[PDB]
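What follows are structure tokens for two forms of the same protein chain, given separately as structure 1 and structure 2.
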Structure 1
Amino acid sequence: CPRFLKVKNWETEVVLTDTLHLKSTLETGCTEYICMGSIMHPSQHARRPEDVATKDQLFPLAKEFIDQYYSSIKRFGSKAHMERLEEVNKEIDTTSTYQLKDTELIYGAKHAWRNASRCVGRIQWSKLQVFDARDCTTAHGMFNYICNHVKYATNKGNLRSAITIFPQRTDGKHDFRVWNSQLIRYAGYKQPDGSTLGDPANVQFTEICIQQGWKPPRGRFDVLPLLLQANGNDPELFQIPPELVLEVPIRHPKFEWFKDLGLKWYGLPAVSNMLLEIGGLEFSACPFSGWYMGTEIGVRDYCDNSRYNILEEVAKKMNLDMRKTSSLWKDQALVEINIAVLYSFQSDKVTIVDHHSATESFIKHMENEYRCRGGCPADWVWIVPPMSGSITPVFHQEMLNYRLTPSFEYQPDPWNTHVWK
């Protein structure tokens, strides 16, 4: 409970003072005697589907958000503010829920991004195209909204960050869900001999898709179909029009052989399995997209052992000594791979940001947030890039982590909870 918490940057000596943490809403997982800062999903970053808020629970949550909204537009205590409070309250009282105004929906989505501790790209938070899909009733409808989102966001390579928001949760038996973890991801296939074709991360969902009727090409980079659930009904399959899926073949500025590896990736990162919470309301289907930081593809997607795992093959074509770890052959290959990814995206004029630029922008964003907001919650474990950590400025930047609402939350995979019709 101290009113002021300070963070230091150990490279610049800049010290920042945080007061925003006083507005913190939920638990982190940590206590006085233990820190869970490297735990990926503590119980508080998640949202179980059947605990739907009671009337009594929802009132103060809505009011909290409404007050925050009118505060932001400098109309706090105003007649419109008081009238909105009364309306929401009356609405909660007679329907056990309430509907957000368009302005509020837009404000809440933007602030869930602004509040996202683990996102290094938040300097962009105020530029977010919000698509209101709350009139959607069927999975065909969801498919139509998602196609339009993908096309708008892709913009022929000049990517624009966007979110599409489907109807909020009601009784929890009528959820809208995108079963895909991202709108665009490649299939993975377990072979009888134990090997994996395509993306090992997506094996389970790929199998579900095939069970649901999807005919798989069974290649290395097969774009998965959308698996879409409207109003708690069984999910349904749709092929994304291929012309809407922008891809980049990976080549290297110096190594002519690099193109022979046959690698490519998609331009549009679009996470679709998270939950958006605004004023106690739960939007279980809210796909959002931006553009890539190169390391997300070049370090994690490609060089993770449980992913495409290409380090060995790259090192071999580089004719490195792969006998001792102390030769840093993995490190050497890792850099070249990330060079190729950045180079291939820029060459095709597809928006991408390197981890040096992104982290420097983030430090500037953080400083501005401390100034204009009283703080900026940040998760160092996620903010620091997966390669070259200490030669980026976020490595030396102390951060405070805490949960502000509106927020994006994890939710359980829908196939674990769905009551099949």
Structure 2
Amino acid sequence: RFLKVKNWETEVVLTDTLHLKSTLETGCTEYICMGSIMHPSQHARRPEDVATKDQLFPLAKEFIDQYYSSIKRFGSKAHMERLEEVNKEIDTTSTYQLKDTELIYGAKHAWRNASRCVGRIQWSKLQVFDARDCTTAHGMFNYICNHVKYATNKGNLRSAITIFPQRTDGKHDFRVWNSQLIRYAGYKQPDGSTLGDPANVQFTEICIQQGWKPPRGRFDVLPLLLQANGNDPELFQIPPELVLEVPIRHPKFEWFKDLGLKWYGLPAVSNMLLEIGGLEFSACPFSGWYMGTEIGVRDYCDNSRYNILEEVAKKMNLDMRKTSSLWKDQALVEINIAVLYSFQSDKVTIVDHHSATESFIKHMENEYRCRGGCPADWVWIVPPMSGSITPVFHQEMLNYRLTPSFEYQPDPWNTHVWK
């Protein structure tokens, strides 16, 4: 009917009606909950390849209706002409093209609708770069460099998305093969161990297998692997002066900087799909700024990532014989103190998990007040350390799928037919 959420620390109760506008299956049923499944559902709004008219047009009407409602038209002359324009365009090309305003609206609302994102208080402050005129990998690389430069802004980071041509028949996709624009290589060592970042071992190897000569260090910025109009991907080296990096040091442990650690300042996800009114932008790299835990809890401490916990623990002279000394927990805190201290000292935008979660609670209040709800995925909103001492831990959330949205998509190398 109409669902309430309660915060068990403040007793604030919020009432959700926005979920009634949700279209896609979450994967749950009355009998099974899938809220901890990474990809619970395959319910897409359109089928395989180029859809028929009765498949694409109703999705397009819905988005156009939604956009003209958002600006307090709907039924206006411009709205009705737009519907005719979309209809003729689908009739004559089997697709349609978004206006600049519709594109900007759709990208912001994809971010506004991203139930897993704790950063959404910023959703309407997003710089949209229209790259729909792009035709080649070289052009994609040019757009990405300008994105990286604008978004980095000498450390005063600015949220941005660059949107490449939409999918047509599915054999002409634009893709950024990288998962993020900036990532460190991972090297599969002969003695079975791993040098660099273990997440990227496979992609690192694709790059090598494509002709990349690895410098074979521990912080090798990977090349860009860009695919335009379904052609074979091409390698490009981001100019180093565009890749802002922060040396990790600790405000008290002077031996910390001697660990020779750094991280990059710009998180820019580049393997997701942006879906607006039935159109699918398979290359839409988007960026904001880091929550400190994303580098220092996940990027340094996952067992299949950097795993430098022990060395920080060893350097801290901790009992590592048994878990009940909580040596992992102690080192994990110090690493996250160090990451934040370094980014703040170099005036690179960063947010701690206490501040980001507090902002999200505020965003939730705003969304329920003016929009009747806010989709939120508790499993992803709660930070990976110190969860119960942040306000989101005690906040009930409702998760549901609204459109426009960002969607997962398969890595292109499982799909690509080379030439």
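By rigid core we mean the largest C-alpha set that fits within 1.5 Å across both forms. All residue numbers here refer to structure 1's sequence, counted from 1.
Taking the core as reference between structure 1 and structure 2, the lone member of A53, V353, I363, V384 whose Cα moves by 2 Å or more is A53. The Cα shift for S43 between structure 1 and structure 2, taken after rigid core superposition, is 2 angstroms or larger. Fit the two forms on the rigid core and the C-alpha of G77 turns out 1.4 Å off between structure 1 and structure 2.
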